[PDB]
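Given next are the chains, with one letter for each unit.
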Protein chains: 2
Amino acid sequence: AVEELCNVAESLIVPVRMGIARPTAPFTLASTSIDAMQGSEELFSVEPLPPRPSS
Amino acid sequence: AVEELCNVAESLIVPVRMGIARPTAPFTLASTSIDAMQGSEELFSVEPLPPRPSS
């Protein structure tokens with residue numbers, strides 16, 4: 001778990017220290033877990049892109 | 001001259017590739033030599049900070 005967390009942290013920090021961060025508008029932070037569940041629900045409960053029908 | 005230009009270029013490019021560039025506002029580019037002489041004149045015709053009088 002510690003090794004995987006190290007890799008995740010490196011993935012998150014590389015664009016910041018290479019100056020290639022993609023601009024994003026500011027957002028507020030949820031003060032309750034019921035709001036934090038949403039947003040994450042939209043992000044994760046998604047389906048892959050379906051294949052092209054026929055050919 | 002080539003070596004000094006290399007050092008100047010490195011000085012100019014380090015903040016960009018370390019993600020520490022100081023935000024600035026957009027500006028137009030002069031199309032005349034006199035305008036380019038201006039601005040540069042304000043930049044280079046300055047004086048060093050004088051010492052504190054007495055003690």
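Residues numbered from 1 in each chain as written, not as in the entry; some residues may be left out. Chains lettered and ligands numbered in written order. Part of a larger assembly, values for the part shown. Heavy atoms only, no water.

cryo-EM is the method the PDB entry lists for this structure, together with a resolution of 2.66 Å.

Asks: Sorry, what's going on with the interface of chain A and chain B here?
Replies: One widely used convention gives an interface's size as the accessible area the parts lose upon coming together. With four residues of chain A in contact, the opposing surface of chain B contributes four residues. Here chain A meets chain B over a buried area of about 180 Å², counting both sides, of which 38% is carbon and sulfur. Taken as a group, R17, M18 and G19 of chain A account for 83% of the area that chain A buries against chain B, more than any other trio of residues on that side. Between the two partners, chain A and chain B, sit zero salt bridges. At the junction of chain A and chain B, the tally comes to zero residue pairs in polar contact. Partitioned by chemical class, the residues of the side of chain A that touches chain B number two nonpolar, one polar and one charged. (Contact = heavy atoms within 4.5 Å. Buried area = accessible area lost by both parts, 1.4 Å probe. Salt bridge = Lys/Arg side-chain N within 4 Å of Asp/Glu carboxyl O. Polar contact = N/O pair within 3.5 Å; in protein donor to acceptor, adjacent residues only side chain to side chain. Nonpolar A, V, L, I, M, F, W, Y, C, P; charged D, E, K, R; others polar.)

Asks: Whenever I open this one, the relation of the copies chain A and chain B confuses me. Can you help?
Replies: A rotation about some axis, followed by a shift along it, carries one copy of the chain onto the other. Once turned by 180 degrees and shifted 0.0 Å along the axis, chain A lies on chain B with an RMSD of 0.2 Å. The relationship between the two copies is best expressed as a two-fold rotation axis. Looking at the rotation axis and the C-alpha trace of chain A, the residue lying nearest is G19 of chain A, at 2.0 Å. The overlap is high: 100% of the interface residues of chain A also sit at the interface in chain B, so the same surface is used on both sides. (Least-squares fit on C-alpha atoms.)

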